[PDB]
Amino acid sequence: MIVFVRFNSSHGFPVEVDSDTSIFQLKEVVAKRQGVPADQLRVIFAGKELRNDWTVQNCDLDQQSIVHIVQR
Amino acid sequence: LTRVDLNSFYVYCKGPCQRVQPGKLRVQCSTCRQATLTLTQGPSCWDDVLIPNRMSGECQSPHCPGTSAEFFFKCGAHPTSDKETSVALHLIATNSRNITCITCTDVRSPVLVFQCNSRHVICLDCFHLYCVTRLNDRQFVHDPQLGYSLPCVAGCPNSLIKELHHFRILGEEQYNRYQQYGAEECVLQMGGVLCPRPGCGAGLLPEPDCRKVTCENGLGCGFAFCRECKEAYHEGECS
Amino acid sequence: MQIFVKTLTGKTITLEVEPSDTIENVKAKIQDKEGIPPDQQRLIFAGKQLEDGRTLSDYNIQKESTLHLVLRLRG
Ligand SMILES: [Zn+2]
Ligand SMILES: [Zn+2]
Ligand SMILES: [Zn+2]
Ligand SMILES: [Zn+2]
Ligand SMILES: [Zn+2]
Ligand SMILES: [Zn+2]
């Protein structure tokens with residue numbers, strides 16, 4: 001499935017993930033795209049930060065929903 | 001927010017669904033309007049999500065001291081942008097327990113739960129007709145605090161629908177008619193007058209003492225009429 | 001966002017607003033387009049008279065929704 005990533009109020013670009021993709025994996029691909037370290041990234045969704053070990057489906061991420069990712 | 005069941009919640013999707021749909025509860029930061037705020041605690045009731053600033057958190061935006069949470073709803077029937085919001089129809093609930101419709105006695109889902117003491121449950125079909133028929137017959141109640149609404153179909157006291165977007169169930173054309181009638185009623189409730197010139201009908205709020213009412217830059221039709229008989233303004237008694 | 005202000009004659013004005021704009025802001029905008037002094041304006045949504053202190057979001061007024069404008073005659 002696709003997840004939209006808003007990186008510091010930037011225009012939401014899509015990230016294809018799997019049902020079992022970890023948040024950290026998502027942090028990685030974003031980090032590769034944004035040229036930043038994956039450790040300085042936080043994933044905000046539905047009023048809760050998503051922990052690195054949580055899977056996409058665990059977080060109740062629906063197809064083509066949006067996750068905000070901030071820095072530091 | 002997603003797992004909260006305060007039994008999904010229902011929004012009115014203005015487009016492209018143009019109907020009542022299962023909604024998604026989301027939250028931004030009330031200061032920079034970005035979905036970066038993390039909630040201190042989760043909402044437990046409707047008041048937590050409906051009342052402004054009721055819940056708190058910390059906006060994770062670098063230069064934002066936002067603490068207050070602004071909850072919004074999105075249609076859950078399709079992907080929605082971050083700002084593609086929809087009004088929550090909080091009286092609408094999944095009929096998980098198969099409560100029979102107070103009017104037609106059928107079991108349907110979802111249903112509207114009237115905020116009367118009896119929490120009377122009405123299916124959306126009946127609610128639509130209840131609304132349509134009451135609208136056409138000018139049977140909608142005006143409340144100075146709430147606006148143009150309907151009570152429980154059973155006629156229970158203190159049961160006027162407060163979230164008037166529920167009348168989105170009227171469909172588009174009838175909804176606009178509702179809004180029109182409500183505004184007319186409001187004018188009349190504030191002791192105003194509707195301009196009697198044909199093809200006008202402008203809502204006018206003159207001095208309570210004034211008998212001369214002029215439908216005055218591009219808004220009115222310029223008709224100067226007598227408040228009482230609604231004919232061209234005249235001196236002395238009517239007729 | 002785009003909202004509409006309609007007189008009870010169906011005369012329609014389009015406003016560029018934010019859900020955070022106050023009713024007083026809306027009125028200023030109405031004045032900006034049509035020249036109606038804000039003191040003469042009463043805005044009505046779904047039969048409820050909108051208060052100058054509140055915002056559009058206070059009334060859950062959505063994109064493309066309509067406010068009703070009636071006129072307070074002072075003359
Ligand atoms: Zn929809
Ligand atoms: Zn913020
Ligand atoms: Zn029914
Ligand atoms: Zn009842
Ligand atoms: Zn007129
Ligand atoms: Zn007369």
Side-chain angles (χ1 to χ4, degrees), chain A residues 4 62-66, chain B residues 2 8-26 72-89 91-114 116 118-134 150-155 161 165-166 168-172 175 193-196 204 206-215 223-239, chain C residues 60 62 64-65 73:
Chain A
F4 289 107
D62 192 27
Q63 179 69 262
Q64 286 180 308
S65 189
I66 311 157
Chain B
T2 151
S8 46
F9 15 95
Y10 290 87
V11 293
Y12 187 84
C13 188
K14 286 227 282 202
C17 294
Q18 283 200 309
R19 74 182 65 85
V20 175
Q21 293 284 48
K24 298 170 169 181
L25 174 67
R26 298 293 178 269
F72 62 96
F73 298 73
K74 299 191 304 163
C75 188
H78 43 78
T80 48
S81 89
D82 223 19
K83 254 53 186 169
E84 198 180 335
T85 70
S86 295
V87 69
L89 304 179
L91 294 187
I92 307 186
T94 310
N95 191 14
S96 60
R97 283 147 228 271
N98 289 319
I99 308 300
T100 56
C101 176
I102 187 63
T103 50
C104 75
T105 72
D106 292 1
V107 174
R108 260 180 287 273
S109 200
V111 284
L112 188 142
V113 185
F114 289 112
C116 53
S118 306
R119 291 293 190 272
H120 281 130
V121 160
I122 193 164
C123 87
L124 284 193
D125 275 339
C126 290
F127 185 67
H128 169 82
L129 297 176
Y130 171 53
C131 285
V132 160
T133 60
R134 287 298 177 278
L150 276 180
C152 180
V153 71
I161 288 175
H165 283 84
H166 279 87
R168 269 291 175 185
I169 290 159
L170 270 168
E172 182 64 39
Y175 177 78
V193 65
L194 304 177
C195 185
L204 302 169
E207 304 303 331
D209 51 74
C210 207
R211 194 178 54 84
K212 192 184 193 188
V213 189
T214 307
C215 201
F223 182 40
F225 65 94
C226 166
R227 184 192 214 110
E228 301 306 315
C229 62
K230 279 193 159 174
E231 311 217 74
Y233 183 71
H234 64 82
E235 252 71 28
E237 310 297 297
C238 301
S239 77
Chain C
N60 291 346
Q62 300 299 303
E64 315 295 355
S65 285
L73 299 165

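Chain A is the first sequence line, chain B the second, and so forth, proteins listed ahead of strands; every chain is numbered from 1. What you see below is based on every heavy atom in this structure, not just the backbone, and it leaves out hydrogens, waters and symmetry mates. Just so you know, ligand 1 is whichever comes first in the structure, and atom 1 is the first atom listed for that ligand.
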Vertex the Zn ion (ligand 6): angle to SG of B/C238 and NE2 of B/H234, to 10°? 110°
Rounded to the nearest 10 degrees, what's the angle SG of B/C75 makes with SG of B/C17 at the Zn ion (ligand 1)? Could you check? 110°
Listing by chain and number, which protein N, O or S atoms are under 2.8 Å from the Zn ion (ligand 3)? B/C101 SG, B/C104 SG, B/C123 SG, B/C126 SG
Any chance you could measure B/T105, atom OG1, to B/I99, atom CD1, to the nearest 0.5 Å? 13.0 Å
Hey, what's the angle at the Zn ion (ligand 1) spanning SG (B/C13) and NE2 (B/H78), nearest 10 degrees? 120°
Taking atom CD as the centre, does A/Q63 end up with more than 12 heavy-atom neighbours from other residues, nucleotides or ligands that are less than 6.0 angstrom away? yes
Quick check: does any side chain N or O of B/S118 sit under 3.5 Å from a backbone N or O of B/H120, one acting as donor and the other as acceptor? no
From the list B/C17, B/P22, B/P16, side chain to side chain contact (heavy atoms under 4.5 Å, CB included) partner of B/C75 resolves to B/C17
Distance under 6.0 Å and angle within 45° of the ring axis: does B/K212 meet both against B/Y233? yes
Restricting to pairs with a member in residues 97-106 of chain B, which pass salt bridge (charged side-chain N to carboxylate O under 4.0 Å, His left out), not counting sequence neighbours? B/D106-B/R108
I'd like to know if the side chain of C/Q62 reaches the main chain of C/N60, judged simply by a donor and an acceptor atom lying under 3.5 Å from each other, with no hydrogens or angles considered. yes
